[PDB]
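Protein chains in written order, with the numbering used here: chain A, 91 to 126; chain B, 230 to 279. Every residue gets a Cβ at the ideal spot worked out from N, C-alpha and C, and that includes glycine. I have placed the structure first, in the form of structure tokens, so that the comments after it can refer back to it.
In structure tokens:
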């Protein structure tokens with residue numbers, strides 16, 4: 091599948107490339123409903 | 230703040246660490262109330278206390 095593993099620093103553009111969104115609020119579960 | 234924690238947003242009792250309704254749900258409730266109020270001719274609650 092591949093030949094090598096590359097390790098380097100993470101540019102902010104690369105970090106936004108990994109991301110599928112931006113987290114904005116610090117709450118996880120409604121805890122009354124168990125929904126995210 | 231964050232020592233005592235902000236109390237429940239839609240109620241009385243400032244400065245409490247309770248796990249009540251969040252900010253996202255509160256804005257939803259407020260806009261739903263705005264729609265249901267502006268819709269059909271519906272007088273104010275406290276006004277009909279008159």
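For residue 117 of chain A, a Cβ of chain B is located within less than 8 Å of the residue's own Cβ.
Residue-level contact check: residue 251 of chain B touches chain A, since one or more beta carbons of chain A fall below 8 Å from its beta carbon. Taking a Cβ-Cβ threshold of 8 Å, the residues of chain A close to residue 248 of chain B are 121, in chain order.
Look at residue 107 of chain A here: in three-state DSSP terms it is helix. Of the residues B:258, B:273, B:232, the one whose Cα lies closest to the Cα of residue 239 of chain B is B:258.
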